[PDB]
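**Q** Take a look at this one; I'll ask things after.
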Amino acid sequence: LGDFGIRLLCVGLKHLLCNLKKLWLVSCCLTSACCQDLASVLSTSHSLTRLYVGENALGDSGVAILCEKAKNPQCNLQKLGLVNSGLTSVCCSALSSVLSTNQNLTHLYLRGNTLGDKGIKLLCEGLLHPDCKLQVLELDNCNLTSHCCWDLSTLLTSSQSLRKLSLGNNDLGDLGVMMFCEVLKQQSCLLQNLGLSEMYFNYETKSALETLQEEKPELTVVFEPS
Amino acid sequence: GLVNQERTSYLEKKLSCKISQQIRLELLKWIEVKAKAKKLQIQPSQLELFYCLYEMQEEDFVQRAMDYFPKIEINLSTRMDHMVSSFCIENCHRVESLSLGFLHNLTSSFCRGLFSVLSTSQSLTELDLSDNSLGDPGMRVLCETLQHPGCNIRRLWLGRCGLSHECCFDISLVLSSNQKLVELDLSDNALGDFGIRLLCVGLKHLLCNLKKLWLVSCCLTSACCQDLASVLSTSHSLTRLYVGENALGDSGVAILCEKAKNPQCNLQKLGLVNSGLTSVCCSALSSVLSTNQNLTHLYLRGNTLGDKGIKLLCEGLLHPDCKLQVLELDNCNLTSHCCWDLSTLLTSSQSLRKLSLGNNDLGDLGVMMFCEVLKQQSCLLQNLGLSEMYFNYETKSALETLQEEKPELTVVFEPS
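As you go down the protein sequences, you meet chains A and B in turn. Heads up: the first sequence is residues 810 to 1035, going by the UniProt record's numbering. Heads up: the second sequence is residues 582 to 686, 725 to 1035, going by the UniProt record's numbering.
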């Protein structure tokens, strides 16, 4: 259902009496060209809350378009599945804007992108905003390095809304993760998974994480690969 | 090999010094990149970088080049693979984890020269020897080296190694002298009841600081529980005991429970997974849950407990002194008739955090009971499970609504 298919689909999605809540457009051969129509759906739709558009070519120019409308505080978007969209740090300032203004957005899935530390810094500007209500942030294979740990560490104790942070298959490092252990103990609200799956560490890091789970039992799980 | 400094004259100096110095740096950078790029590829597969270092037998270079290998995963097919690995690992001061994929070698002293090196490393902490032919005659060699005062290996994985009862004699000797080892994975072997009887000799020994022990799929029967129960009673350090995928039926659990119920027992996680348990032993598990305040995780999936088992477990779980945090009940042959007791559990227990209800017939009307009670300030902050469990629209809608209204309820996690 390429860009044209979406252009047609959006005719129904923007229609009154359309009560669609969940829409999956994953792997539909889409490009940024279709975002112009999806953005209008997000703006006008009274019912659409779950939009999954990953595994497409909705690059930074696509997300910027969706964000232009998703940032609207009256938008009903709750879950945004911008997963394997090939995003870079370029659009993270757009995602940041959405996170800061759209108080209805609770889940954001960015895995498969290549955001790096620059992207994390930009997202944190929004995530750390007092009106950000994001609960679940998924950052698995986002091409992250240990250089982003300072900002993620800040995120873990500064955000009052974040509950889950699915850091995953990236090179976050041992010393990087240890920063989380130290700050999470300081009354972090992250009640849900910390992630770090598919990410391998040394003994000391694993020991600290296991200790963390024992000392802070409300922290559902870190979930190491071994 | 050519790029070295430890050489004499006699035309060994016809190579440029300035080139040798620059190339040494280029080769070092090359190793750093490929050593760190620990991935499947056709480029140097860890060992090949070691072969290169082996030729350049210069400690000043090799010891630096080896600091780019924090985790070493290599396969060993021949004598040189061992000589090369031995040399490089010995000169590595920054290896924290090692995995040795022994191939068509082992049951011999052939690798003795490698194991004698691992035991002298001051950085190696985790050693994984799983899924290779490290049969009893090979394990003996390793166990001789794991007794070294400077061993420093804290985690040892011995999965499908083809070990039998004979190796437990040597493992016991290691446990009785090696004060560093904390995790020992003996799963997927043939360490039958006798093997455990021998193993327990080390586990009950003073100075044995083992914390995690995996005896999963070790061909055990209830006969061995008599010795494991003694370990749980006496051990000051064992907290994680995984004994699932065995024939430790209700007569086995009752034995373990007799000692695990002791309030001074250090058991924290009890992996009685696919043990073929019935409701018969749930009264024993209940006793443990009521008295042992150190037990935080109990894994019962694969059993056939039914609603009778749940009722009996609830008698313990609902006890004011029960500290269980995670209860796993996946394929436990449960029916919707147990929902009343699970519903009580969800709001009455103050300690439970997770409840992994899973692949069973809990029903739609059954699960709806959870939605109604969980909303009433339940402390189940962790997953509710219900995976592989299929419901109708209304139930799914209620669960999705529940997650939105009660955001602290990490995830329910429906199959679709």
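Ideal Cβ positions, reconstructed from N, Cα and C, are used throughout, including at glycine.
Name, in chain order, the residues that DSSP records as bridge partners for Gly1004 of chain B.
**A** Bridge partners of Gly1004 of chain B: B:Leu976.
**Q** State the DSSP-derived secondary structure class of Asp648 of chain B, mapped to helix, strand or coil.
**A** Three-state DSSP puts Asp648 of chain B in a helix.
**Q** Going by DSSP, what residues sit across from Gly890 of chain B in a beta bridge?
**A** B:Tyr861, per the DSSP bridge assignment.
**Q** Please work out which residues of its chain come closer than 7 Å, Cβ to Cβ, to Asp846 of chain A, disregarding the five sequence neighbours upstream and downstream, and give them in chain order.
**A** Answer for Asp846 of chain A: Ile815, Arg816, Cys819, listed in chain order.
**Q** Considering just the uninterrupted stretch of the alpha helix (DSSP H) at residue 707 of chain B, what are its terminal residues?
**A** The model of chain B omits the segment between 686 and 725, and residue 707 of chain B is among the residues lacking coordinates.
**Q** Closer than 7 Å, Cβ to Cβ, to anything on chain B: give me those residues from the stretch 1007-1030 of chain A, in chain order.
**A** Residues passing the 7 Å Cβ filter: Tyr1009, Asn1011, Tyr1012, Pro1026, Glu1027, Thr1029.
**Q** May I ask you to list, following chain order, the residues of the stretch 610-644 of chain B that have a beta carbon less than 8 Å from some beta carbon of chain A?
**A** Flagged: no residues at all.
**Q** Throw me the rounded Cβ distance for the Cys884 of chain B and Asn911 of chain B pair, which I believe falls under 8 Å.
**A** Right, the Cβ-Cβ distance comes to about 6 Å (below 8 Å), so this counts as a contact.
**Q** Could you check whether the Cβ of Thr858 of chain B sits closer than 7 Å to any Cβ belonging to chain A?
**A** Judged by the 7 Å Cβ criterion, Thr858 of chain B is not in contact with chain A.
**Q** Hey, out of B:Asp789, B:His784, B:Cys780, B:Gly811, whose CA is closest to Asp804 of chain B's CA?
**A** Of the listed residues, the one whose Cα sits closest to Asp804 of chain B is B:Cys780.
**Q** If you draw a straight line from the C-alpha of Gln638 of chain B to the C-alpha of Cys770 of chain B, how long is it?
**A** Their backbone Cα atoms lie some 25 Å apart in a straight line.
**Q** How would you label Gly985 of chain A, buried or exposed, when you count the other beta carbons within 10 angstroms and need 16 or more for buried?
**A** Burial call: buried.
**Q** Looking at the unbroken beta strand (DSSP E) that takes in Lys615 of chain B, where does it start and where does it end?
**A** Per DSSP, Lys615 of chain B belongs to no beta strand (DSSP E); it is in the alpha helix (DSSP H), 598-617.
**Q** Where do the N-terminal and C-terminal ends of the alpha helix (DSSP H) with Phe631 of chain B fall, by residue?
**A** Per DSSP, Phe631 of chain B belongs to the alpha helix (DSSP H) from 628-636.
**Q** Going by DSSP, what residue range makes up the alpha helix (DSSP H) through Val801 of chain B?
**A** Looking at the DSSP string, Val801 of chain B is not in any alpha helix (DSSP H), and its letter there is neither H nor E.
**Q** Alpha carbon to alpha carbon, how far is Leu981 of chain B from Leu953 of chain B? Give it in angstroms, no decimals.
**A** Roughly 6 Å separates the two Cα atoms.
**Q** Count the other CB atoms, across all protein chains shown, that sit within 10 Å of the CB of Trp833 of chain A; report buried if there are 16 or more and exposed otherwise.
**A** Classification for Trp833 of chain A: exposed.
**Q** Does the beta carbon of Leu964 of chain A come closer than 7 Å to any beta carbon on chain B?
**A** Closer than 7 Å: no.
**Q** Let me see if you follow: with CB-CB separation under 7 Å, is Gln969 of chain A close to chain B or not?
**A** It does not; no Cβ of chain B falls within 7 Å.
**Q** Hey, could you find the ends of the beta strand (DSSP E) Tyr1009 of chain A is sitting in?
**A** Premise fails: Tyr1009 of chain A is in no beta strand (DSSP E) and is neither H nor E.
**Q** Return the residues of the stretch 906-921 of chain A that lie within a Cβ-Cβ distance of less than 7 Å from chain B, sorted by chain order.
**A** So nothing in the stretch comes that close.
**Q** Using a cut-off of 7 Å between C-beta atoms, extract the partners of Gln944 of chain A located in chain B.
**A** Per Cβ cutoff of 7 Å: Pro1026.
**Q** Residue 1041 of chain A: buried (16+ other C-beta within 10 angstroms of its C-beta) or exposed?
**A** The shown model of chain A, from 810 to 1035, leaves out residue 1041 of chain A, and the question about it has no answer.
**Q** I'd like to check one pair, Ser967 of chain B with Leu946 of chain B: are the Cβ atoms closer than 7 Å?
**A** No, they are not a contact pair.
**Q** What three-state label does DSSP hand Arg588 of chain B in the structure shown?
**A** DSSP places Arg588 of chain B in coil when its eight states are reduced to three.
**Q** Considering only their Cβ atoms, is the gap separating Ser970 of chain A from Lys942 of chain A smaller than 7 Å?
**A** Yes, they are a contact pair.
**Q** So, does the CB of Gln996 of chain A fall closer than 7 Å to a CB anywhere in chain B?
**A** Taking Cβ atoms only, chain B never reaches closer than 7 Å to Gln996 of chain A, which makes this a no.
**Q** Hey, would you say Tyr861 of chain B sits closer than 7 Å to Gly821 of chain B, going by beta carbons?
**A** The answer is no: Cβ separation not under 7 Å.
**Q** How about the stretch 896-907 of chain A and the stretch 916-925 of chain A: do they share at least three Cβ pairs that are nearer than 8 Å?
**A** Yes, the stretch 896-907 of chain A is in contact with the stretch 916-925 of chain A.
**Q** For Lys930 of chain A, collect the residues of the same chain with a Cβ closer than 6 Å to its Cβ; drop the 5 residues on either side in sequence, then sort them by chain order.
**A** Only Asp960 meet the Cβ criterion.
**Q** Starting from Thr744 of chain B, find everything on chain A with Cβ-Cβ shorter than 9 Å and list it in chain order.
**A** Neighbours of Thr744 of chain B on chain A, chain order: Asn1011, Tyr1012, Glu1013.
**Q** Classify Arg774 of chain B as helix, strand or coil using the three-state DSSP reduction.
**A** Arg774 of chain B falls in the strand class under three-state DSSP.
**Q** Apply the 10 Å Cβ neighbour rule to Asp807 of chain B and answer buried if 16 or more other Cβ atoms are within range, or exposed otherwise.
**A** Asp807 of chain B comes out buried.
**Q** Who are the neighbours of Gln883 of chain A on chain B, taking C-beta pairs under 9 Å?
**A** Those within 9 Å of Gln883 of chain A in chain B number zero; the least Cβ separation is about 19 Å.
**Q** Looking only at C-alpha atoms, which of B:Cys957, B:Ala646, B:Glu671, B:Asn913 sits nearest to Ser735 of chain B?
**A** Out of B:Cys957, B:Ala646, B:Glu671, B:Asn913, B:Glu671 has the C-alpha closest to the C-alpha of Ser735 of chain B.
**Q** Is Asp747 of chain B helix, strand or coil when you go by DSSP?
**A** Strand, per DSSP.
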